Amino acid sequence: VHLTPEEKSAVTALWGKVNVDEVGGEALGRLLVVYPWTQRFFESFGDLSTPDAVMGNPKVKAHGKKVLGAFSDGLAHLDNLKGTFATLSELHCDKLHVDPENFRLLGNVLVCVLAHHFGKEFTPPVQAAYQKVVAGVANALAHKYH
């Protein structure tokens, strides 16, 4: 991503207040509840039957932590997302064969979550900025789909 330095600041500054142990889950979990065809990728996590089934699942929460990990990771290297997500595009496009529009989805729920956590602190402009971070990531993971 590009990101003007005021976006740069903004974004960055936001992330620093994010409880990774917890936002990572909100996100992944909500994706599994909102876009339920996504579940098929996680048969293994067990019961995903319900919002509650989904939210209390540790496996899920555990995994959500891994995802925001890559998020900060990527976030840190906006200049060169491709390098950061190399292995990612692979696992995802190559091994899992996940449709890329889904990656798009994960980003928006992440956005929705931030909004949920920060409320008014999450301004349109800020939202705009992350929206760029998100697409940027999404694209990177698709790459190995060419």
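The first residue of the sequence shown is number 1, and the count goes up from there. Heads up, when I say rigid core I mean the largest set of C-alphas that superpose within 1.5 Å between the two forms.
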| item | value |
| --- | --- |
| Rigid core superposition result in 5 other deposited structures of this protein, more deviant of 31 to 39, 85 to 93 by Cα | 85 to 93 |
| Farther-lying stretch by C-alpha RMS in 5 other deposited structures of this protein (rigid core fit) among 49 to 57, 94 to 102 | 94 to 102 |
| Of 121 to 129 and 12 to 20, the stretch whose C-alpha atoms average the higher B-factor in the entry | 12 to 20 |
| Greater mean Cα temperature factor according to the PDB record, 37 to 45 or 99 to 107 | 37 to 45 |
| Third of the chain's Cα B-factor distribution that residue 112 belongs to, per the entry | lowest |
| Record-listed C-alpha B factor of residue 28: chain third | lowest |
| Third of the chain, ranked by Cα B-factor, where residue 77 sits | highest |
